[PDB]
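Q: Protein chains in written order, with PDB author numbering: chain A, 1 to 66; chain B, 776 to 824; chain E, 9 to 64, 69 to 128, 153 to 662, 675 to 711, 719 to 920, 931 to 1222; chain V, 15 to 78; chain F, 1115 to 1177, 1190 to 1211; chain Y, 3 to 113; chain P, 679 to 727; chain L, 244 to 291; chain Z, 1260 to 1308.
For every residue, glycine included, the Cβ atom is placed at its ideal position computed from N, Cα and C.
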Amino acid sequence: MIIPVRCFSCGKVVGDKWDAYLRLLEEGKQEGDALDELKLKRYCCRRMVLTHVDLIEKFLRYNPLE
Amino acid sequence: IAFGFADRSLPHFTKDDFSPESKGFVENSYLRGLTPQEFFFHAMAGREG
Amino acid sequence: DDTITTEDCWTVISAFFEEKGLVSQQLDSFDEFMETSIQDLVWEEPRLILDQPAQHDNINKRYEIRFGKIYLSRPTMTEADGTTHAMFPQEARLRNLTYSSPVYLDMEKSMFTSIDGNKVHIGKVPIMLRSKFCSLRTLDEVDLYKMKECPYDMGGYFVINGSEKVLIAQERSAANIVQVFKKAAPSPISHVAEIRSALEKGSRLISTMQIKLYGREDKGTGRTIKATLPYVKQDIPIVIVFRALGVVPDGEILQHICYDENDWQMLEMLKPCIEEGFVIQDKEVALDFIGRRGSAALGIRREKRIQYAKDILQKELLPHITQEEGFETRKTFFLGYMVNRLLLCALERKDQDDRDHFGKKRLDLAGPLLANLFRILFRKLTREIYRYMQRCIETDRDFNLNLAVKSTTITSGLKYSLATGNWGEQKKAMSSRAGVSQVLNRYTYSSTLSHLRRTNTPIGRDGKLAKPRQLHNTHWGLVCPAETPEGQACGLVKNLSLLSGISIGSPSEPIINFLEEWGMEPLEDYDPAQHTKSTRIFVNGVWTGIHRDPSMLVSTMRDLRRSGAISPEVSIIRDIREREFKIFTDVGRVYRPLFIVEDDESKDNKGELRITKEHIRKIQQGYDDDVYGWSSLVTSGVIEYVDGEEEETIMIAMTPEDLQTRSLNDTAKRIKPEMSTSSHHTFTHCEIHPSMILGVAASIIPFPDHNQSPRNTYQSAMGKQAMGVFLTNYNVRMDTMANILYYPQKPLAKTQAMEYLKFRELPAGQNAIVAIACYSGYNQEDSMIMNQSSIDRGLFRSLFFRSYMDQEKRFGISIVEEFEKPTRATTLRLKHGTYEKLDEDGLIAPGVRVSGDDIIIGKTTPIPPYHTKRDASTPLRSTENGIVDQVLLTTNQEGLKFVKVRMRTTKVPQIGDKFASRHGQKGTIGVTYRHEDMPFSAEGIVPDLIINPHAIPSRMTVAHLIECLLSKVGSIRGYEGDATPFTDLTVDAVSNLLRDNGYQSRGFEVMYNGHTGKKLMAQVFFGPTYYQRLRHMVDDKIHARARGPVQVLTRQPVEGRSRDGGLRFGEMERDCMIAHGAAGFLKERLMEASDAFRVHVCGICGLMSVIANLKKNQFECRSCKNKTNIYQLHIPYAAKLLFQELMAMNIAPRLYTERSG
Amino acid sequence: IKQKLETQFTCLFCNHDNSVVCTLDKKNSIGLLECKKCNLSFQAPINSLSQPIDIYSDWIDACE
Amino acid sequence: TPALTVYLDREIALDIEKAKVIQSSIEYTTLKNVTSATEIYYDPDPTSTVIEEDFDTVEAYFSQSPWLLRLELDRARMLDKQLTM
Amino acid sequence: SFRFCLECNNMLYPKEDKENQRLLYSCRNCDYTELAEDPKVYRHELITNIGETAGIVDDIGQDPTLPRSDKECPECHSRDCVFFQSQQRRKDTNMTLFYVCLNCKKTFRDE
Amino acid sequence: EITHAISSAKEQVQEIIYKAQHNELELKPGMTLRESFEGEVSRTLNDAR
Amino acid sequence: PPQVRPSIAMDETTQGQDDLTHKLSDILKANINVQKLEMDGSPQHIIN
Amino acid sequence: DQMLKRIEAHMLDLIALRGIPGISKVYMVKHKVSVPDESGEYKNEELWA
RNA sequence: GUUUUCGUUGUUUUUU
Ligand SMILES: [Mg+2]
Ligand SMILES: [Zn+2]
Ligand SMILES: [Zn+2]
Ligand SMILES: [Zn+2]
Ligand SMILES: [Zn+2]
């Protein structure tokens, strides 16, 4: 859950791309070209976004105590 | 590796299948990967050890 | 219609799980429990009669109670203040309650004084959390969104007192089968024909019989046969019991035994049996013979002796065949043929009976296990009505009838069996099975799923053997061949395969009708001459007919099971060679769905699949083009269930390639059967996928078929204990341990069954960068080198949660302890920890930075008598730090406040932390190095972790190399790579694509020494891999003890890292020290580091019998009046204990400080 | 070698526990029985497949 | 594994067939090893027989209880044993 | 081959009548005393190789799991046949596979 | 070379199969005919590997 | 000595009596029963 | 009749024909025993046993 | 107030 702020293998600012990545996904688009559009050049940065697993949406769909 | 079933080591082999593939001789290397029958035979050997 | 590919097979498996799933067996088992099993167990004896024969003139005042229908209620927990509410599982967990519902019955009364409705509460039944009567069954997901349950948490267990207990299914031998074994030669018995003849329905033991063959060859006289019938005190000859069972002439005994009359050897071998039974020439003398040894009482006389022998020949002898009258002729024929099989096995004309083939074994699920336990508990329920309606029948009072029904009868047996683990009664603690029910693990999500699909063989190490632990060919495709426990339980405790389903239990009578539909020849008709080669037909193991034209009937049964009129799981087996046939519908026989290759050679589909792309498209719709579910494929005759006993009689195609019988030089492909002499192969079936021989855990490994099987087993074992994310609502659960990864990552290498496992959604591990070399020298010996930058960014950072449970207690009725802040005045015997964190109610606030030596839950307990209160608090664990995640305040069941405090900590890797790959590659961290010191690539790229090359020569993980290569390729191309076993992928093509990726085909790349930037001479194989964090850390085992608490009895250092345990010095360590000449060292290890007391013993008697007082300086040996000849002894306290029990056993071990000479 | 058996059988005459003695003589294939308190006698036929329990059972059949 | 490492004399240790004879003289032989078959007759006449299997044989050898203790032996097993019936 | 009496049905014990000096098969329970077709009393061969052909079932030709072959068939002459072996479990059971076919069923050797 | 070595060993195995299945396999000292077949095929396939 | 079979904590403070103590109590109560077997009416088998 | 069978069964086993009792079989075994050379060195010798 | 106070049976699973 939640993409890392900094790239584990490299250290590039990557966090502010997730919403953009979903935007790219919506138009039935291939993955790799979209990642390249996201300036993901190092394949470490590339699979970090490619293979990230966000999980808060199920956690947030739980009705909280407040 | 003997014929575990009735006169056969696997249902994919036949009765009295004296040929190597039906009795546990590996025909592959670890590079190539192993067929399911002989994979089960290597499982035999590993569990034996 | 067209050829069947792999993705079509995947779609078939999608239908399979969308209808069945993987809990279907458990669900249907427990539903069968409370839909057929419970009612039958209730009404298995529906008649309760009492009487008062005397006067009232003369009368039979007949108190007669008739049983009736049961009642099921929806879960309601009934608070202890009359504020009754319908119970929700979340509340049950929060308040430590049992997922149990009340049940009721109609035990109506019928009074019959002769001259000669009512709804009581039976008890409260714990319920499996996804049965049809579960509280949240009809409620939809949004309702579930209001009750806070993890949608991926898939039930299948039981909730008792807030603890989740799962009933482990127990595998046991299928009954009602002949079991001839070779008895030891130095014994009068040669071959033991055994049959556990017990009622098929219920699958419960009624009796068994073992016929033993006496004598040897040219030794031990004739080949006499005398078996010990159940409850007889002597081996009675078989010919004699044949006389007693109706057929007194011996030719009838042979007509029952002899069925190949062309043989003379068996005739001359049964001649001695005729000679010895010749003393018996009629049924009367034979029955008296049996009754004399029948273990009955004395004075029964010949008449009742014969009657009891006849009954025991009738009941408890072949009870699965019959217990009533009329089939004693069937008894004679069945016993004759069973003796014949015994004799043929003795002659070794047939291979001796195998002891592992699952076809003779079943699996008792939660259903029949609970059925048996309920049988026990209810058999001690129906009787306490009698044992109370006798003390009141003499008074003939207006009995309430709601006070004689001790309803907690069936509460406590189930509570003890599910809580302690012993399936029986606490009084009968001995001879009880332990482990059938165990606490559900939620360490990881699979720690539940796989946990819900175990099997166990409860034989015991009574005789070690390898057969219960060794994999067998019959285990192919039916169980996971890599998932096994460690040493003590390795091989045992076995898991299913992926597509398995268990027979929930169908009535056998429909099968009886299906078989009798083909002109069955009765067992009475079975004759040596007439039926010289006819087919003997058996049901569930009971021999129930003969036939001479069996091909038509077996074909019809096969096609009918393809149709669905026969329950699709019912096993049909045709023993062509031994002129036999057998149908099995008993509970516990496990089946796999096989693609139905046309076996009747009448079409091109012979050697092809009945299921075609039409069926695949229909399934892809999810419905039918006028529904097409999984049962649609099963009942359409294109896929059918098969058991192992059926499997050994069928020939199955591995992949869609060898279906049609076939008619170069590639070093990246596998091998099918050669087909050189056997030019033809009519495979009757084909698996949906060979990769489905795997297990739930095995469906995780990338190419598990390219690595050593022992490493595959190690992977299977470590997979359940690998760190990850178990449940979505981990927070609302107050569990002993909870582990959640900061950043779960879907593996770059994936299987296709992965897709079904939803591993993208609950991934265990991260894709981190590894390079192979020997750079630091610290990578040796299972150690890895780590990138510090990734750790700082949080790679494999995680969250741990620990829930402490506390509660107030009732010493009396009003005497209660309270959760309050301990102080120096009201509280005595305080502890050095800081109590300040407590505020008003002995509860710390949520979010405070808790640590050890600090009280988190304060409790004060009364002292038995002004200043009569003791600290009973439970502070945080000494070497544990973190922040309080959550504080739950509730009550218990009745009246005491119950608090659940979960504390949260962040875990970060450190030198020594344990990790493993998906290829058995396990090790700890050896050293961590920062970015600048480790070498970089041409693009200046460093790995996250470094491993030892020495694993490859030794551990030989080719699949790890393939995984790393595919990982590089996927990361560059930006997609999820597939690693499903038994697929057509080739490494050479991947290397070519890597060339296309502008990278070296074999993955090598120049590193530049981090300290110097110099091009390291070799080009380093360097890229991503999917690894997993493991439960074992370094700092949980660091433990030093110079002096701590000592055990209350031994006066020696305690054991256990929890309570400052000492190092238990093994005896081999003593021996090696002795060989090392370590006298003083070992002495002080036993003197100062261990128990050491000084005493004053006598010099006359030489015993410790001396009243001793150092301050008084008086030492009087009351034994010998010795005061001056008293010696001081500084010896271990354990020596004092030894001397003590030696004295206590009236033994006098006279210690002497001198030498008698 | 003859084998006396100190049986625990109780006869109906003297109501003395530990009184009946069952001795089998298979040299002549003929059994034997006595008592130690009332000193009764009993005889039953013993074949190649006969036991002292058979002796007592046949005695129960005969006397009663 | 009861097994005795008998060392033959130098001249036998360089010999085989005499060593073979010693080996056969050490290998315990009973008719049990070499008995091919056994069929007991009650021969009606003590000094002859009425069966084709031994008529000429007993006519040649005979030149008491008529019950017959008859058995057959294997010629090949005799010659492998290096014995005769 | 041993047999039982018609009415006694117990063992036909072979014995001598000294008056005639011939072999009998006389049941002891009753007066049934039959003559012996052969004065042979008890045949107990110490090498057993019989019975491997008496117990043959008809529908063995309709058994799908059997191996195929290019081996020959004297009777059915099918060019795709099955091969089984002697039923003996003896240690010295020679691995002489007795070939068989769909229509033959005979226990014949193609050695 | 590996492939043809394995194939040649398989052919030798099939030859041993034929000899055993027609009793043409000469008996080894202290090694029964079927077990001789199994053992010699084992030796052959180990030689293959 | 009581040190040998001390008050062993069945629950933290609540001590369950030692197995040795239990058995000693049983033996001694049986012994006192035997001591009572003489002065009372003991019809033969009761003493046994 | 019975005594004839008893004697037959007994003497099927209690007729010692030849051989040393307690020795079911013997093996014809080589031994490469070392013996010195007349010139002074050593050399192995095949000796049967 | 120097000092200063927890334990066991049974059950399961485990760890090179
Ligand atoms: Mg270790
Ligand atoms: Zn990166
Ligand atoms: Zn003294
Ligand atoms: Zn008497
Ligand atoms: Zn008769």
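With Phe4 (chain Y) and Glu304 (chain E) assumed to form a contact (beta carbons below 8 Å), what rounded beta-carbon distance in angstroms separates them?
A: Taking a contact as a CB-CB distance under 8 Å, the pair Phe4 (chain Y) and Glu304 (chain E) counts as one, their CB atoms being some 6 Å apart.
Q: Can we say the stretch 866 to 879 of chain E touches the stretch 903 to 919 of chain E, given the rule of at least three CB pairs closer than 8 Å?
A: Enough Cβ pairs lie closer than 8 Å, so yes.
Q: Just to make sure I have the definition right: I need the residues of chain P whose C-beta is within less than 7 Å of the C-beta of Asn720 (chain E). Which are they?
A: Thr681
Q: Roughly how many angstroms lie between the CA atoms of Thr989 (chain E) and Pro974 (chain E), to the nearest whole one?
A: 10 Å
Q: Please confirm whether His984 (chain E) and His1025 (chain E) have their CB atoms less than 8 Å apart.
A: yes
Q: Could you check which residue in E:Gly372, E:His356, E:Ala345 and E:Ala828 has the C-alpha nearest to that of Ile261 (chain E)?
A: E:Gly372
Q: Sorry if obvious, but does the Cβ on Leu1207 (chain E) come closer than 7 Å to a heavy atom of ligand 3?
A: no
Q: Please report the straight-line C-alpha distance between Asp760 (chain E) and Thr257 (chain E), rounded to a whole angstrom.
A: Each residue's alpha carbon lies about 58 Å from the other.
Q: If the criterion is Cβ atoms closer than 8 Å, does the pair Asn822 (chain E) and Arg23 (chain A) meet it?
A: no
Q: What residues in its chain sit with their C-beta under 8 Å from that of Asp1200 (chain F), if we drop five residues either side in the sequence?
A: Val1148, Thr1149 and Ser1150.
Q: Does the distance between the C-beta of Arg1038 (chain E) and the nearest non-hydrogen atom of ligand 2 fall short of 7 Å?
A: no
Q: Do three or more CB pairs link the stretch 345 to 356 of chain E to the stretch 263 to 283 of chain E at distances below 8 Å?
A: yes
Q: On the criterion of 16 or more Cβ atoms from any shown chain inside 10 Å, does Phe1169 (chain F) qualify as buried, or is it exposed?
A: Around the CB of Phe1169 (chain F), fewer than 16 other CB atoms lie within 10 Å, so the residue is classed as exposed.
Q: Under 8 Å, Cβ to Cβ, is there at least one residue of chain Y near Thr722 (chain P)?
A: no
Q: What would DSSP say about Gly1078 (chain E), mapped onto helix, strand or coil?
A: coil
Q: Classify residue 1244 (chain E): buried if its beta carbon has 16 or more other beta carbons within 10 angstroms, exposed otherwise.
A: Only positions 9 to 1222 of chain E appear in the structure, and residue 1244 (chain E) is not among them; the question remains open.
Q: So does the stretch 555 to 573 of chain E actually touch the stretch 517 to 536 of chain E, counting three or more Cβ pairs closer than 8 Å?
A: no
Q: Looking at the strands, I want to know which residues DSSP matches up with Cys36 (chain V).
A: V:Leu47
Q: For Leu99 (chain Y), I'd like the list of residues in its chain whose CB is within less than 7 Å of its CB, leaving aside the five on either flank, ordered along the chain.
A: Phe85, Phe86 and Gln87
Q: For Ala382 (chain E), which of helix, strand or coil comes out of DSSP?
A: helix
Q: Under 8 Å Cβ-Cβ, which residues of chain Z neighbour residue 1180 (chain F)?
A: Any structural detail on residue 1180 (chain F) is unavailable, because chain F resumes at 1190 straight after 1177.
Q: Could you give the DSSP three-state label for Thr365 (chain E): helix, strand or coil?
A: helix
Q: Could you give the residue range of the beta strand (DSSP E) that holds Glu1304 (chain Z)?
A: Counting along the chain, the unbroken beta strand (DSSP E) around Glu1304 (chain Z) starts and ends at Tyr1301 to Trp1307.
Q: To the nearest angstrom, how far is it from the Cα of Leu25 (chain A) to the Cα of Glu31 (chain A)?
A: 7 Å
Q: So with Cβ pairs under 8 Å, would you call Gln690 (chain P) a contact of chain Y?
A: With 8 Å as the cut-off, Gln690 (chain P) does not count as an interface residue toward chain Y.
Q: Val780 (chain E) CB to nearest chain A CB: under 8 Å?
A: Closer than 8 Å: yes.
Q: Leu50 (chain A) and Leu35 (chain A) - do their beta-carbons sit closer together than 8 Å?
A: yes
Q: Less than 7 Å separating the Cβ of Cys526 (chain E) from some heavy atom of ligand 2?
A: no
Q: Using a cut-off of 9 Å between C-beta atoms, extract the partners of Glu27 (chain A) located in chain E.
A: Neighbours of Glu27 (chain A) on chain E: none; closest Cβ ~16 Å, over 9 Å.
Q: Is the separation between the beta-carbon of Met699 (chain E) and that of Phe738 (chain E) shorter than 8 Å?
A: yes
Q: Can you name the start and end residues of the alpha helix (DSSP H) that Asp1136 (chain E) belongs to?
A: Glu1132 to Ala1140 is the span of the alpha helix (DSSP H), which, as asked, contains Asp1136 (chain E).
Q: For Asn1190 (chain E) and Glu863 (chain E), what's the separation of their Cα atoms in angstroms?
A: Roughly 58 Å separates the two Cα atoms.
Q: Check whether the Cβ atoms of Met183 (chain E) and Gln246 (chain E) sit closer than 8 Å, and answer yes or no.
A: no
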